[PDB]
Structure formats: structure tokens, C-alpha cells
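Number 67 in my numbering belongs to position 53 of the sequence shown; there are no gaps in the numbering.
Think of the CB as a built atom: it goes at the ideal place given N, C-alpha and C, for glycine as much as any other residue.
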Amino acid sequence: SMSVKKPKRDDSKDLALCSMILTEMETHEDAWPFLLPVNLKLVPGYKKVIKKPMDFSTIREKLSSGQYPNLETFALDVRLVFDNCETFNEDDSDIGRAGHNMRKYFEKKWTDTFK
Numbered sequence: 015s016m017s018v019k020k021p022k023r024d025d026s027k028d029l030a031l032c033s034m035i036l037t038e039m040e041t042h043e044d045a046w047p048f049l050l051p052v053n054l055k056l057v058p059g060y061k062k063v064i065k066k067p068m069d070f071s072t073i074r075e076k077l078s079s080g081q082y083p084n085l086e087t088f089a090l091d092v093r094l095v096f097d098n099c100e101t102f103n104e105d106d107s108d109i110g111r112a113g114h115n116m117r118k119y120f121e122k123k124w125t126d127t128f129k
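Written out as C-alpha cells, the structure is:
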């Protein structure tokens, strides 16, 4: 509350460390469904159904231009990528399996880097 604060967690490396995680996600062999925004002209249903599209390139641009206020808003966009994927793709599909694999990969890196 006013003039009453928990001890200050060092957040000075968060930007660098989120960049490194995002690099690792970009270079994973199962990243291909997530590298670029879904083409809303060419994929019937996507625009109406997926209210907030998100992809790795869009996260990279937001990250590089100071549009994440803190490491939690960064995790929220990464998870959005996988939540969108599950919304639109059957679990038993190459892209559906890709999304599960990447979400796992991300959540481990996230825990090991920050928890």
C-alpha cells in the first residue's frame, strides 16, 4: 500500500531474457504454423472466429518496440498464440500437435528462467 512495498525484484534483464526465449521458440522445428500472422484473406473462418490473432513475428515486433509493459503481458501473447491454435485446429492434426508441443516447450523455459 502507500509507502509499504515488498522488496524490489530485479527486472532489468527481463527484456533480454524474453528475447532469448522467443528466439528459441522461433527456431524450434514445430514453430512453422506460428511464425507469421494467419492470412485472413486466404483462411476461411479465421477472421470471424479468432478475435485476437497473434503470432511470433508480431510478438517479436511488439517486444522490440517496447510494447510489453512487463514479462506477464509477454507470456499472455505467447499463450494467446497457442489458445488460438487450439480454438481453430483439431488436436489430431499436424498444426494441433505443433501447438501442444510449443506450449510445453514455452512453459518449461518460462518456469526455468523466471520461477
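Q) Of all the alpha helix (DSSP H) runs that stay within the bounds of the segment 37-86, which reach a length of 4 or more residues? A) 60-63 and 70-78
(Q) Please classify residue 113 as buried or exposed, where buried requires at least 16 other C-beta atoms within 10 Å of its C-beta. (A) If you number the sequence shown from 1, residue 113 lands on position 99. The residue in question, residue 113, is buried, as its Cβ has 16 or more Cβ neighbours within 10 Å.
Q: Quick one: residues in its chain with C-beta nearer than 6 Å to the C-beta of residue 48, no 5 flanking neighbours on either side, listed in chain order?
A: Here residue 48 is taken as the residue at index 34 of the sequence shown, counted from 1. Contacts found: 69, 70 and 95.
(Q) When you compare the segment 70-88 with the segment 26-33, are there three or more beta-carbon pairs, one atom per stretch, that lie closer than 8 Å? (A) yes
Q: Tell me whether residue 36 is buried or exposed, calling it buried when 16 or more other Cβ atoms sit within 10 Å of its Cβ.
A: As a first step, residue 36 must be located in the sequence shown, where it is residue number 22. By the neighbour-count rule (16 or more Cβ atoms within 10 Å), residue 36 is buried.
**Q.** Three-state secondary structure (DSSP) of residue 116
**A.** Residue mapping note: residue 116 aligns to position 102 of the sequence shown, counting from 1. Three-state result, residue 116: helix.
Q) Roughly how many angstroms separate the alpha carbons of residue 55 and residue 62, rounded to a whole number? A) As a first step, residue 55 must be located in the sequence shown, where it is residue number 41. As a first step, residue 62 must be located in the sequence shown, where it is residue number 48. Cα to Cα, the separation comes out at about 11 Å.
Q. According to the Cβ coordinates, are residue 110 and residue 121 closer than 9 Å?
A. Walking along the sequence shown from the start, residue 110 turns up at place 96. Walking along the sequence shown from the start, residue 121 turns up at place 107. For residue 110 and residue 121, no; Cβs fall outside 9 Å.
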